[PDB]
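Undergrad: Numbering-wise, PDB author numbering puts 94 at position 94 of the sequence shown, and it's gapless, one number per residue.
Virtual Cβ for every residue (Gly too), placed ideally from N, Cα, C.
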Amino acid sequence: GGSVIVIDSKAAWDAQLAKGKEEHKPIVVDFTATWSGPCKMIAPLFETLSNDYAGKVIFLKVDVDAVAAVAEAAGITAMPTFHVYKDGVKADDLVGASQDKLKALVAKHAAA
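#1: Compare the Cα-Cα distances from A68 to each of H83, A33, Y53 and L45 and report the closest residue.
#2: Measure the C-alpha to C-alpha separation of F82 and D93 and round it to an integer number of angstroms.
#3: In chain order, what are the residue ranges of uninterrupted alpha helix (DSSP H) at least 4 long that sit wholly in the segment 75 to 112?
#4: Identify which residue in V70, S98 and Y53 has its Cα closest to the Cα of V6.
#5: Around the C-beta of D8, are 16 or more other C-beta atoms found within 10 angstroms, so that it is buried, or is it exposed?
Okay, structure coming up:
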């Protein structure tokens, strides 16, 4: 129950990145896997933050095994990974399930 946009394909990924560019809003992405406990531990927080920052920050989810072409091009190797995209390109990242660092990352880019 939040505002996260699920990415199903490279085409969908490219469209969302272009939307963030056109809107001048930052995108935060959770690259996640069903088999990762840490991903499960932080997924509820990602969803809550998508509500708290609705209208300000765009939240995407990429299941790395469902959309392997996007995970590979993004250079993912540990789960969860969070990226921030601005102007169609990567601007920031976090790897791991630190709730404090995720909250701070979203706050930073919402305030920038």
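TA: The relevant details are as follows:
#1: Closest by alpha carbon: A33.
#2: 5 Å
#3: 99 to 111
#4: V70
#5: With fewer than 16 Cβ atoms within 10 Å of its Cβ, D8 is classed as exposed.
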